[PDB]
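Listed below are the residues making up each chain.
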Amino acid sequence: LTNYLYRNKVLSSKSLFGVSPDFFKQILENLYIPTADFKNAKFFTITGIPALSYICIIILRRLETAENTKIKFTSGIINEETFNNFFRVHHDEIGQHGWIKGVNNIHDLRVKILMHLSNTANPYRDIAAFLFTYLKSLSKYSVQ
Amino acid sequence: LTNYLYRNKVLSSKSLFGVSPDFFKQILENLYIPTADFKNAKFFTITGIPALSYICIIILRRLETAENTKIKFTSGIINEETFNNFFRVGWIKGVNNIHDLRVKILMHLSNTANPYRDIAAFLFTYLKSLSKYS
Amino acid sequence: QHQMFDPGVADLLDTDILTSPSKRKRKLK
């Protein structure tokens, strides 16, 4: 579950839901993307899953209105290729204001949306609560 | 006097109204100055002179009205790092360095907006390098 | 910070009271 949600290392794993990861590979080259920079990294993450794809965008748009940053997120889906291109185009304007405070890159972004998703009371607080315990990196900040 | 502001050669000048190249060590070492990258020059320029710094600020938002973009500066002093800090906290595009901003401050200061056009006008009188800015 | 002026200045004077907390506290009162 963690590999399918946040780890994004299914290919290095030996199986996923009883299916060998190399089966996933074969579908990917047959699929067509107009600009495939990191084809494998887009599909398998918290933002790339269709169940949690659009609700991810809704939380981000709430953050942009609250912080009132200079530039809004025009794209409809969050992935590595959109984030760096968004920052690369406005790299001149990144240096002074950038984006919502507390985030430096997409890796920080994917948690920041989850911190809000865990902070508020909603049906998918349970999704973030499960991911907290078995992420060993963030478990350090908790007491014991 | 025209060297003393906005020339970046005051510390290299052998004469500061009769003064050799020093003063940079001790008080700056008693409490370390958190700035660098031509930190000497902003100690000298008209926008960096503490009394003349705010007169530039009074010019600055007059220039801002002239440039039709309004934004408040962080401090009453205008220098390299503060302008960068003011940038990082809504303004005209095409200028991002303090060299050209001080130019746009000085030419408006050379207009009869404050009685201290006399300093700005005298600076543009000498030298011929400063004459083309006016 | 023990000298308000250059080391060539502090030769004539003495920064001993600034260096020593005992003298620093004694001189305040």
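Its PDB header attributes the entry to cryo-EM and lists the resolution as 3.7 Å.

Another point: a nonpolar patch on the surface. Residue and element names in this part refer to chain B. On the surface, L1, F17, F122, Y126 and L127 cluster together to form a nonpolar patch covering roughly 530 Å² of accessible area. As for its placement among the helices and strands, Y126 is situated in the loop between α6 (117–125) and α7 (128–131). Owing to a relative accessible area of 43%, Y126 belongs among the partly exposed residues under this scheme.

In this section: the packing of helix α4 (residues 54–67) of chain A against helix α7 (residues 106–119) of chain A. Residues and elements named next belong to chain A. At their nearest, the axes of α4 and α7 sit 10 Å apart, and the two run at 85° to each other. Judged by the inter-axis angle, α4 sits roughly perpendicular to α7. Contacts between α4 and α7 pair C56, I59, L60, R62 and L63 from the former with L109, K112, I113 and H116 from the latter. Class assignment for the residues of the contact of α4 with α7 results in six nonpolar, one polar and two charged.

Let's shift gears to α6 of chain B. Residues and elements named next belong to chain B. Within the sequence span of α6, burial applies to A120, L123 and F124. Taken end-on, α6 shows its buried residues confined to a sector of 95°, consistent with a single buried face. Here the buried face of α6 lies against α5 (98–109) and α7.

The next point concerns the nonpolar core. Within the largest apolar cluster, 28 residues are counted, with the highest numbers of intra-cluster contacts made by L60, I78, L101 and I105 of chain B. Listed by contribution, the elements that provide at least two residues to this core are α3 (50–66), α4 (80–87), α5 and α6 of chain B. Sorting elements by how many residues they give to this core places α3 of chain B first, with seven residues. Contact partners of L60 of chain B, with chain neighbours within four places excluded, come to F73, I78, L101 and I105 of chain B. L60, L63, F73 and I113 of chain A belong to the second largest nonpolar core, which has 16 residues in total.

This part covers the interface of chain B and chain C. Taken together, the contact pairs four residues of chain B with six residues of chain C. Carbon and sulfur atoms supply 47% of the area buried between chain B and chain C, which totals about 420 Å² over both sides. On the chain B side of the contact with chain C, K25, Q26 and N30 of chain B bury the most area, a combined 84% of that side's loss. Linking chain B to chain C there are zero salt bridges. Inspection of the chain B/chain C interface yields one residue pair in polar contact. Taken together, the residues that form the side of chain B that touches chain C break down as one nonpolar, two polar and one charged.

Now for the packing of α3 of chain B against α5 of chain B. Residues and elements named next belong to chain B. Across the interface, α3 lies against α5 with an axial gap of 9 Å and an inter-helix angle of 90°. Of the possible angle classes, the one that applies to α3 and α5 is roughly perpendicular. Mapping the contact onto sequence places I55, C56, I59, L60, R62 and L63 in α3 and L101, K104, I105, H108 and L109 in α5. Grouping the amino acids of the contact of α3 with α5 by side-chain chemistry returns eight nonpolar, one polar and two charged.

All right, on to unusual backbone geometry then. Following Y126 of chain B, the chain continues into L127 of chain B via a peptide bond in cis, with omega recorded as 15°. With respect to the helices, strands and loops of the structure, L127 of chain B is situated in the loop between α6 and α7. Even without a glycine there, the phi angle at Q144 of chain A is positive, about 55°. By the secondary structure assignment, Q144 of chain A is in the segment after α8 (125–134). The backbone phi angle of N68 of chain B is positive, close to 65°, even though this residue is not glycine. Counting through the fold element by element, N68 of chain B comes out in the loop between α3 and α4.

Right, let's talk about the side chain of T82 of chain B for a bit. All names here are of chain B. Mapped onto the fold, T82 is located in helix α4. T82 gets classed as buried once you look at its relative accessible area, which sits at 14%. Side-chain polar atoms of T82 contact the side chain of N79, separated by 2.5 Å. With sequence-adjacent residues up to four places away left out, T82 is seen in contact with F73, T74 and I77.

Here we take up the arrangement of the chains. The pair of protein chains exhibiting the most contacts, out of two pairs of chains in contact, is chains B and C. Nowhere do chain A and chain C come into contact; their C-alpha atoms are at least 35 Å apart.

Turning to the environment of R102 of chain B, a few remarks are in order. Residues and elements named next belong to chain B. By the element assignment, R102 lies in helix α5. The class of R102 is buried, set by a relative accessible area of 5%. The contact partners of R102, leaving out residues within four places of it in the chain, are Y6, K42, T45, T47, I78, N79 and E80. A distance of 3.0 Å separates the side chain of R102 from the side chain of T47, its partner in a polar contact.

The rules behind the values
Residues numbered from 1 in each chain as written, not as in the entry; some residues may be left out. Chains lettered and ligands numbered in written order. Part of a larger assembly, values for the part shown. Heavy atoms only, no water. Patch = residues over 30% accessible without salt bridge, like charges linked within 9 Å, V, L, I, M, F, W, Y side chains within 5 Å. Areas by Shrake-Rupley, 256 points an atom, 1.4 Å probe, with all protein chains shown as cover. Salt bridge = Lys/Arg side-chain N within 4 Å of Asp/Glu carboxyl O. Helix = DSSP H or I, 4+ residues; strand = E, 2+ residues; numbered from the N terminus. Buried < 20%, exposed > 50% of the residue type's maximum accessible area, 1.4 Å probe, protein only. Axes fitted to C-alpha atoms, helices over the stretch in contact; angles between N-to-C directions. Parallel < 35°, antiparallel > 145°, perpendicular 65-115°, else oblique. Contact = heavy atoms within 4.5 Å. Nonpolar A, V, L, I, M, F, W, Y, C, P; charged D, E, K, R; others polar. Arc of directions from axis to C-beta. Core = buried A, V, L, I, M, F, W, Y, C linked by side-chain atoms within 4.5 Å. Buried area = accessible area lost by both parts, 1.4 Å probe. Polar contact = N/O pair within 3.5 Å; in protein donor to acceptor, adjacent residues only side chain to side chain.

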